[PDB]
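This report concerns only the one structure given below.
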Amino acid sequence: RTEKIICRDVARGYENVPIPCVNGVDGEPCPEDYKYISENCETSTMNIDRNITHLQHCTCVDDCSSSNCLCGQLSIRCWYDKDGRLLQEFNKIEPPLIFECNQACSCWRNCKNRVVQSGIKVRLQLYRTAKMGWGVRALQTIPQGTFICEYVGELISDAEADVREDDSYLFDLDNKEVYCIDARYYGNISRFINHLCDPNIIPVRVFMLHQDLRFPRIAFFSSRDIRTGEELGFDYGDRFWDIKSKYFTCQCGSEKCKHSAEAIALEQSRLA
Ligand SMILES: COc1cc2c(NC3CCN(C)CC3)nc(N3CCCN(C)CC3)nc2cc1OCCCN(C)C
Ligand SMILES: Nc1ncnc2c1ncn2[C@@H]1O[C@H](CSCC[C@H](N)C(=O)O)[C@@H](O)[C@H]1O
Ligand SMILES: [Cl-]
Ligand SMILES: [Cl-]
Ligand SMILES: [Zn+2]
Ligand SMILES: [Zn+2]
Ligand SMILES: [Zn+2]
Ligand SMILES: [Zn+2]
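Residues 917 to 1092, 1095 to 1190 (the deposited numbering) make up the sequence shown, in order.
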């Protein structure tokens, strides 16, 4: 059985780079049960605050690399280095909110605080995994702290999420009324990223063209150096697995697996 290229670009030209789809495992064609979108969509009135006068913004007359950048200060500091990668000191456990520069800033569109809004730069592939359906892998080495892709989908209310049958593609935007990104019907490449118990990417809340704090955009950055061919994955969290472990178990394969049939059996036994 050969590896076949089934789609030259699942994004249909909407990303900076093509994202091909291949299958070397089984006879499944390229997934078509969803609509690919490169940016979040709305299917109801969300009333996002898009008032330009409500934007906090910088007065920077340089490239925004000084500690005088208001946008950086909103993030404690700008966390991007000269090549757009998170600093080694970045809090990978409890990430701060990132405020990127925006249309109200005095700075230029190429300033040092515009990583997420510049879109996908790394080379990714949608591929058929052995045991986890479709997944997303790197076609190249990716240093720690590199922006990968955004978690994109349909913005829905908590109450709408509570009525959705298929909850397998939900990303929660928790706050203190709350919202979800549902990637089931409308999503980007991130909808295909599997759970790994030892993750190589972390989600980060970012603000760009608006600063309505109810609607952070979710940016995945590598949490360590990623090798060519390595499957991308993040921790779906204990909530997902509480609901789902009764239906299927984790196939991540890691010695550190917390959600496999074996690991679940050890915990059920260790309970006695
Ligand atoms: C199965 O994984 C998740 C399920 C749900 C879920 N599920 C059900 C919807 C249909 N009803 C009948 C029962 C609940 N509801 C909600 N929310 C939003 C916040 C809390 N609200 C009070 C409840 C509505 N969030 C979820 C988040 C999930 O994983 C997120 C991480 C993994 N992603 C990245 C793949
Ligand atoms: N570690 C893991 N073990 C087993 N199945 C997983 C997994 N991570 C993700 N999945 C599967 O993928 C769903 C999340 S959506 C991720 C893409 C999915 N593999 C697909 O083919 O479309 C989960 O509900 C589960 O069905
Ligand atoms: Cl094609
Ligand atoms: Cl409102
Ligand atoms: Zn600035
Ligand atoms: Zn700037
Ligand atoms: Zn700015
Ligand atoms: Zn696992």
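C-beta: ideal position from N, C-alpha, C; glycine also.
Check each candidate in the options and name the one with the smallest Cα separation from residue i.
| i | options | result |
| --- | --- | --- |
| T1062 | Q972, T1045 and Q1004 | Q1004 |
| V1096 | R1132, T959, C946 and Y1165 | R1132 |
| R1145 | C1065, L1071, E1180 and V1038 | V1038 |
| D978 | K1028, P1011 and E1016 | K1028 |
| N1026 | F1006, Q1041 and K998 | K998 |
| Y950 | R1142, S1108, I1161 and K1164 | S1108 |
| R1157 | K1176, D1143 and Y1104 | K1176 |
| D942 | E919, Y930 and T961 | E919 |
| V1122 | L1071, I922, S1034 and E1010 | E1010 |
| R1102 | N1091, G1069, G1000 and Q1060 | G1069 |
| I953 | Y1104, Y1154 and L1189 | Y1104 |
| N1106 | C923, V1032, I935 and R924 | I935 |
| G1155 | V1032, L1086 and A1046 | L1086 |
| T961 | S1163, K1047 and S1073 | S1073 |
| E1149 | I922, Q989 and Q1041 | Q1041 |
Would residue i pass as a contact of residue j if the rule is Cβ separation under 8 Å?
| i | j | result |
| --- | --- | --- |
| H970 | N1018 | no |
| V926 | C957 | no |
| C976 | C937 | no |
| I1036 | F1139 | no |
| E1016 | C987 | yes |
| residue 1093 | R1044 | Missing here is residue 1093: after 1092, the next number in the chain is 1095. |
| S1141 | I1119 | yes |
| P1012 | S983 | no |
| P1059 | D965 | no |
| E1066 | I968 | no |
| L1071 | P1134 | no |
| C994 | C1023 | no |
Spell out the partners DSSP gives residue i in its beta bridges.
| i | result |
| --- | --- |
| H1113 | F1152 |
| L1089 | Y1097 |
| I1120 | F1139 |
| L1071 | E958 and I1099 |
| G1171 | Partner(s): none; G1171 has no beta bridge. |
| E1066 | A1137 |
| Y1165 | DSSP lists no partner for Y1165. |
| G1105 | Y952 and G1069 |
| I1144 | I1058 |
| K920 | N939 |
For this session: Would you list, in sequence order, the uninterrupted beta strand (DSSP E) runs of no fewer than 3 residues that lie entirely inside the segment 1012-1063?
Result: 1040-1044 and 1050-1054
Problem set entry | Three-pair Cβ contact test at 8 Å for the segment 1047-1058 versus the segment 1071-1080 | no
Problem set entry | alpha helix (DSSP H) runs contained entirely in the segment 922-1002, provided each spans 4 or more residues | 986-989
Problem set entry | the segment 1170-1180 touching the segment 1100-1119, judged by at least three CB pairs closer than 8 Å | yes
Exercise. Is there contact here, the segment 1117-1129 with the segment 1172-1187, by at least three beta-carbon pairs under 8 Å?
Worked result: no
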